[PDB]
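**Student:** First the structure, then my questions, so here it is.
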Amino acid sequence: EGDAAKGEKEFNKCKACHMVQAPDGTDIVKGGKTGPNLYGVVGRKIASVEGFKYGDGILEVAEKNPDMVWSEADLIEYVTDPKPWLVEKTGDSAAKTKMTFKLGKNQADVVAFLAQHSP
Ligand code: HEC
């Protein structure tokens, strides 16, 4: 539904904290390590990157929904603002988020870009 080409450019806003790197080490987008690798994130189980120290809130969503993977819809909501997304799922207004960056536009496009590299 989104446009991956605009998504790729907008992802510049994410790359301070996230890379897109394939399992063989191929860099699609070089980025930081503060947040998890986002290669393959679309259709991935929520908070499931081994070795990453996730916050308590996103782990609670995964524990409550053990089979739940990132849908495009959920990704669009989460990247808009992680906090209300966690609050809705956990029912805890104090739910912890390690990510507070907000993307108020072009969300579907960034998600389309990520989907192109979630083969
Ligand atoms: C650092 C300041 C960040 C920026 C800028 C962006 N994100 Fe992020 N992200 C960050 C952290 C520390 C975490 C872990 C969250 C937690 O509470 O543990 C995340 C997480 C995500 C996820 C979920 C990944 C998973 O494996 O489940 C996604 C899908 C995600 N981030 C996407 C994303 C995008 C698209 C960004 C730019 C618009 C972006 N993040 C910015 C840290 C940081």
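For chain A, we keep the numbers from Swiss-Prot: what you see runs 22-140, in order.
If you check the header, you will see the structure was determined by X-ray crystallography, 1.9 Å.
Here the Cβ of each residue, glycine as well, is placed from N, Cα and C on the backbone.
Annotations for this protein, taken from Swiss-Prot, read as follows:
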| type | residues | note |
| --- | --- | --- |
| BINDING | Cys35, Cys38, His39, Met120 | heme c binding site |
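Give me the local environment of each listed feature.
**Tutor:** In this view, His39 (heme c binding site) is surrounded by 22 other Cβ atoms within 10 Å of its Cβ, with every protein chain counted. Look at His39 (heme c binding site): DSSP puts it in coil.
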**Student:** Hey, for the heme c site built from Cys35, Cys38, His39, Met120, who else sits with CB inside 8 A of the CB center?
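**Tutor:** For the heme c site, the extra neighbours are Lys36, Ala37, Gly52, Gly53, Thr55, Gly56, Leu59, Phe122.
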**Student:** Please report the three-state DSSP label of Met120 (heme c binding site).
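**Tutor:** Note: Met120 (heme c binding site) is coil by DSSP, not helix or strand.
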